[PDB]
Amino acid sequence: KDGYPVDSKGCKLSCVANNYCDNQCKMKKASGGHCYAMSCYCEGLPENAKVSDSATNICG
């Protein structure tokens, strides 16, 4: 599946470059890792990946 990976709190990962996400997503059995709207997004994550379902999370 695809989506935005979160952190230990469940907040979207603030990405700043494609290479950064490209490497992260990869480690997460993903294939399309890019930085969109300062948010990392991997395409091909595992059905049990920990990503959000919206372009905004509930961080502090």
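Residues numbered from 1 in each chain as written, not as in the entry; some residues may be left out. Heavy atoms only, no water.

- The deposited coordinates for this entry were obtained by solution NMR.

## Looking at the UniProt feature "domain: LCN-type CS-alpha/beta" in the chain
Alright, step 1. UniProt annotation of "domain: LCN-type CS-alpha/beta" refers to residues 1-59 when read in the numbering used here.
Alright, step 2. Between the end C-alpha atoms of residues 1-59 there is a gap of 23 Å, over a span that is 17% helix and 27% strand. (UniProt positions renumbered as here; feature names shortened; annotations may be inferred. Helix = DSSP H or I, 4+ residues; strand = E, 2+ residues; numbered from the N terminus.)

## Comments concerning unusual backbone geometry
Alright, step 1. Here the phi dihedral of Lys-29 falls at roughly 45°; this positive angle occurs in a residue that is not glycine.
Alright, step 2. Along the chain, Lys-29 turns up in the loop between α1 (18-27) and β2 (32-36).
Alright, step 3. Residue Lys-29 is classed as exposed on the basis of its relative accessible area, which comes to 64%.
Alright, step 4. With phi around 60°, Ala-37 is a residue other than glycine that occupies positive phi space.
Alright, step 5. Mapped onto the secondary structure, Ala-37 falls in the loop between β2 and β3 (39-43).
Alright, step 6. Given the relative accessible area of 60%, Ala-37 is considered exposed. (Buried < 20%, exposed > 50% of the residue type's maximum accessible area, 1.4 Å probe, protein only.)

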